[PDB]
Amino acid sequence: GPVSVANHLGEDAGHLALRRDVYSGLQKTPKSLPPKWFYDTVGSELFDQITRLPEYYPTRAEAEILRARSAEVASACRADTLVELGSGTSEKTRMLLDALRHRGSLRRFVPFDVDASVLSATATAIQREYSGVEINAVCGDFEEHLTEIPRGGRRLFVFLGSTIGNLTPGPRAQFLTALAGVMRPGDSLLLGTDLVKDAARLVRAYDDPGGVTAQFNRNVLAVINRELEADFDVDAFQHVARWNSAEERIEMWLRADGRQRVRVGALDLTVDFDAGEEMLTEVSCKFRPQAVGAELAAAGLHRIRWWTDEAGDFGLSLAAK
């Protein structure tokens, strides 16, 4: 099938987004950064290692559900088009593409992400593995370009890995409302959500003893150093995984070991870290089964299927427009 890539992000979209977030984030109290910047080449390779850590259950848990329920997803949604809010690189991507193809229904694939070079590689890869599927990759962001996702056919939107968990309730509901807005009656959404559980298990999942997640978090300081001429003493910042009991969410912090004076060159900004000051780099909200259905209902979608893994660690929702 023919490959297409439509690019809606300017060449300096990423850099200009990084200046904004760093300028604003390092002047908040407490200092905070979007989890958007962990993923340069190094961080992406670190995340790949994280998914194979025994402590990080979500990847395997979601995969377990998908290995069992992918056929039912295909037959219940009846989609001919797979829209992935992601890079299209996971084996989970293929599991759903196989399930739709097995029904003789796989007609189009739409990967949607911000890295045009990632989408181009995904599209070439799906093109050799799935004869007869048109691949329409869309380079855009959630805030502006959900409308640029092609229309027509019966579309199954996919958003896995409890990545919606990286949005706080306010921004999370806006995203779901906007996503439901571009969905057509008959379209469906498959959404993965990590579930609330034993706190010690959750903290361990975000601070493996080998420190891969620690390096992954500290990697954000190198990215700021390299891209905006900052002088973060990366080794003087400790990764700290916190369980927020009141908000029921995991929080990734970076703790300054001693007073730090950090100058971000490209921004003409100097910020100060008190000794023991912590900066928030990510939130990872954990969900309750009932609450996910209410959130989809609040945005205008109707959950028709809910699945957990065998241990009840992770949940998958199939909601219809």
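For clarity, a rigid core is taken as the largest C-alpha set superposing within 1.5 Å between two forms. Just count from 1 along the sequence shown to find any residue number.
What stretch shows more C-alpha movement in 5 other deposited structures of this protein relative to this form, 92-100 or 144-152, after the core is superposed?
After the core superposition, the stretch with higher RMS deviation in 5 other deposited structures of this protein is 144-152.
If you average the CA temperature factors as listed in the entry, which stretch comes out higher, 41-49 or 65-73?
Of 41-49 and 65-73, the stretch with the higher C-alpha B-factor average is 41-49.
Comparing 7-15 with 295-303, which has the greater mean CA B-factor as deposited?
Between 295-303 and 7-15, it is 7-15 that shows the higher mean C-alpha B-factor.
Identify, among 104, 152, 161, 186, the residue whose C-alpha carries the highest B-factor in the deposited PDB entry.
Of 104, 152, 161, 186, 152 has the highest C-alpha B-factor.
Relative to the other modelled residues of the same chain, rank the CA B-factor of residue 157 and answer lowest, middle or highest third.
CA B-factor rank for residue 157: lowest third.
Hey, what third does residue 80 fall into on Cα B-factor, ranked over its chain?
Ranked within chain, residue 80 CA B lands in the lowest tercile.
Within this chain's modelled residues, let me know which third the CA B factor of residue 232 belongs to: lowest, middle or highest.
Middle third - that is where residue 232 ends up once the chain's C-alpha B-factors are sorted.
Quick check for you: using the entry's CA B-factors within this chain, is residue 283 in the lowest, middle or highest third?
Answer is middle: the recorded C-alpha B-factor places it there.
For residue 114, return the chain-relative third of its C-alpha B-factor as stated in the PDB record: lowest, middle or highest.
Answer is highest: the recorded C-alpha B-factor places it there.
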